[PDB]
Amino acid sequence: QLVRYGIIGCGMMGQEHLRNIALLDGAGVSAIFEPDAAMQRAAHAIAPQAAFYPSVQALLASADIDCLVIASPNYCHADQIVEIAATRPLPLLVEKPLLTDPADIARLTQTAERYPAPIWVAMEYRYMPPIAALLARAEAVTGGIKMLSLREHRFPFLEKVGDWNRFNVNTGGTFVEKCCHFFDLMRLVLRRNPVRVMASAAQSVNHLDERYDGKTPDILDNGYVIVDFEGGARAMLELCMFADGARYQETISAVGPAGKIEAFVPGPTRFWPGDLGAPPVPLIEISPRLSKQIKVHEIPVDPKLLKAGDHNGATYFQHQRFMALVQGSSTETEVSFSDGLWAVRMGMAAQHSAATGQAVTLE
């Protein structure tokens, strides 16, 4: 049967959902709630058959949908999960971060415990082809992952609808908003929960000259995070939002006693100027310990997927797995509520550590 989606919030990333759903056989967007006119026009040009609703209540009351995507601003997510839970529980793909406000953790945990349908948190990085390749090969190459290092070097946060992503109260803070992906990757690779975070971070460069109602953006733009895991593995994140010139936006290194594996992940092709030549191809580098003979493999993305989004086709691959769960051919929520909450708790811990200059314990 066809899978019919409803979308709550349809700006840049909700438009990337619309384009990638459109590439799936047997899926369609039937319903959209998007309160911004310009975005309503942009969504209506992408998905002309989709009906618009004036509210979440109106969409849930009348739409014929099998599942929902939340792509509203970060601070909206927890209230919209609670509203859907009280109104019409459906399989839900909630954009990261799962939530922004620590005060919401108890009530959302209780909501998720009682929610009779899947909750999938849309941390799609594991499906970027170079990252997926590293995940599939890391155990065999490393002989067990002792250390995992992740580096994000990119350009400053884009301008958003109502400028929402310029303030911590709206985003959850930069380690929550941008780095939840990397924290979740640490748990996926190491297959253990974190026990401690140590961080250093600041707002060194970005948005310091910007004013909104007389207020200065307060979001971090760089830092380092060390994460200790139950039983002894360790990981490190490096973030810089003013490193626009880096050839690869993400690099991920996994090391163990038999070898090392590294992924090189390009940024969005739309931000690679044509005057710079062809964008970088994604790579994986395998460096076995005993031979010292390195292997480099190109892991290109299907051009149709590069056309549909900014995340190396990962949004499409995420939807294929989500649709399989909605259809019932799969039982698996690959990125659960609990994975989303761990990744948020790790970013909150990093922000608290960076603010206090002290280690932060997690339980």
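So that there is no doubt, residue numbering starts at 1 and follows the sequence shown.
With respect to the recorded C-alpha B factors, which stretch has the higher mean value, 310-318 or 29-37? For C-alpha atoms only, the mean B-factor is higher in 29-37.
Taking the mean of the C-alpha B-factors per stretch from the entry, tell me the winner out of 229-237 and 101-109. If you average the C-alpha B-factors of 229-237 and of 101-109, the larger mean comes out for 101-109.
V69, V335, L325, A51, ranked by C-alpha B-factor: the highest one: Spelled out: the listed residue with the top C-alpha B-factor is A51.
Per the PDB entry, which option out of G143, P156, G162, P129 has the greatest Cα B factor? That would be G162.
Within this chain, which third does the Cα B-factor at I7 fall in: lowest, middle or highest? It falls in the middle third of the chain.
Using only modelled residues of the chain, where does the Cα B factor of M348 rank: lowest third, middle third or highest third? Lowest third.
Could you say whether, by C-alpha temperature factor, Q358 belongs to the lowest, middle or highest third of its chain? Lowest third - that is where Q358 ends up once the chain's C-alpha B-factors are sorted.
Going by what the PDB entry lists, where does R289 fall on CA B-factor within its chain: lowest, middle or highest third? Answer is middle: the recorded C-alpha B-factor places it there.
Quick check for you: using the entry's CA B-factors within this chain, is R187 in the lowest, middle or highest third? As the PDB entry reports it, the C-alpha B-factor of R187 lands in the lowest third of its chain.
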